[PDB]
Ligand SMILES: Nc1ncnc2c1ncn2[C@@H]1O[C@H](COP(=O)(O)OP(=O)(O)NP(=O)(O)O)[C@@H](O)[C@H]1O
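Take a look at this single chain in structure tokens; it is the form deposited without the named molecule.
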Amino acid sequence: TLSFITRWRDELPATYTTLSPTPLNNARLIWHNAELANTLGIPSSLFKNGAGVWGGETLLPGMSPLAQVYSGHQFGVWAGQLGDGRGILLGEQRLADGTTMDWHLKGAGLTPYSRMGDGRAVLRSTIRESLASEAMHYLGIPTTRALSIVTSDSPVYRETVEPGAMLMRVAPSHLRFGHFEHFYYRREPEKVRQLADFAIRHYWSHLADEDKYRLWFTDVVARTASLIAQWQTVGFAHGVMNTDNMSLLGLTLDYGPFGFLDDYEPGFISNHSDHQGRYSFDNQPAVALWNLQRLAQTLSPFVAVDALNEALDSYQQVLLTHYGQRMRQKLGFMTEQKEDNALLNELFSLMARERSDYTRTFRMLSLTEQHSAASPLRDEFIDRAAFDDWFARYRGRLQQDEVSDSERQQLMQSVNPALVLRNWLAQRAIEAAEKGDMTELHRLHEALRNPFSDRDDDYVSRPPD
């Protein structure tokens, strides 16, 4: 029932190494994405009889596993050759609708690109990635998806000793900006052009059959700008916005030291190793443009310097358009005024002063009735005078929309999540998981499928501090 093709292997030779996964000791499934497997046509047969393909212990017919090579700038510095060091592309699944999905197995063992590591993933990494990628998907933000998590008795040495794990990642492509950078700086511009032709052929098929490259790169800019805009509106900090972590398709790619904002803190740094705050939450719009600028440099051998700078200059416009329009929904501004950003900056500066909870503030603000000063937010601000002064002037704008309380409260409640993957919720699932209890991991996953539905439990509370 499952059909795999070898498109990367046969159409981009010398961009990978063929190899097989190396299993772990007594690997067992601890979670799988039943909804996603149904989307992909995977029989529940495959999730029973042992770890199977999800443990790197079997290959399905058509799979030809390989580890891709790439490079990239890490923290603004050319890090040289990187590549698939902790994962293996098992193959590319062809779906009945004609589309293709990568099956990338994190922690499948050593590769030529494993660098100083061991090629292994640990249980906490796999669970945090599965929780965050799924949370992002149900928030509507493009992302890789998690299909399965396998744990084992193989110990891996990091800060502690951790159980080796493996996660099956699904995405339409794992093309990164660093794929292009890798062959540019090796002075192989024809392999840069082959990557572009490959990417347009299979993922921008409507173009490329006369200015195909300008149109394509312009859309890559738009899709990255649109992605960063969505990160900002929900309060997601990636943590490692290196050029090898930037998806060419515009997906949230690689989940490591990420963090959804608990306290509103514009300069929040989620990566403990990000000493200079390069990937701080407020720096993400600027860092993405810099990453797009690295990518355009690799395309210069075959796309005019004129068109590249034009597509690069559209980044600010596409970002602010997407950001402004979504922030307007989060604020309930059913119409548009030149004004609306000043109210938002007011609210943002008060929140940063009080360290208010980002998600809860916007969720409570969605209970707003334009003609009443009453609000559950009055108890959440120490400076109640400041909030009351912002609220009636803010409600002053709402009354200019000429729209029902019922109509505005419905729109806001469909864009302001009641629920985000907070760090402590993941840690609680992790701790239970490490002791053999997966009921918390399954429960949190279930909640993150309905993030716009209000709850009575601690999944919507502020962290315990």
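When you see a residue number, it is the position in the sequence shown, counting from 1.
Separately, the form deposited with the named molecule bound exists; it is not shown, and the next lines address it.
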> Open or blocked: the named molecule, posed as in the entry with it bound, superposed onto this form via site C-alphas, with 3 or more ligand atoms within 2.4 Å of backbone or C-beta counting as blocked?
Replying inline: open
> Can you pick the one in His371, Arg201, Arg158, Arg393 that has a heavy atom within 4.5 Å of the named molecule in the entry with it bound?
Replying inline: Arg158
> Of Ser226, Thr100, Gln329, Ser114, which residue is found within 4.5 angstroms of the named molecule in the entry with it bound when only non-hydrogen atoms are counted?
Replying inline: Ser114
> Does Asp340 make contact with the named molecule in the entry with it bound, using a 4.5 Å heavy atom cut-off?
Replying inline: no
> Would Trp54 count as a contact of the named molecule in the entry with it bound, using a 4.5 angstroms cut-off between non-hydrogen atoms?
Replying inline: no
>> If we define contact as a non-hydrogen atom of the residue within 4.5 angstroms of the partner, is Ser366 a contact of the named molecule in the entry with it bound?
In response: no
>> Residue-level contact is defined here as any heavy atom of the residue lying within 4.5 Å of the named molecule in the entry with it bound; does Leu82 satisfy this criterion?
In response: yes
> Of these, 375 to 383, 242 to 250, 286 to 294, 353 to 361, which stretch puts a heavy atom within 4.5 angstroms of the named molecule in the entry with it bound?
Replying inline: 242 to 250
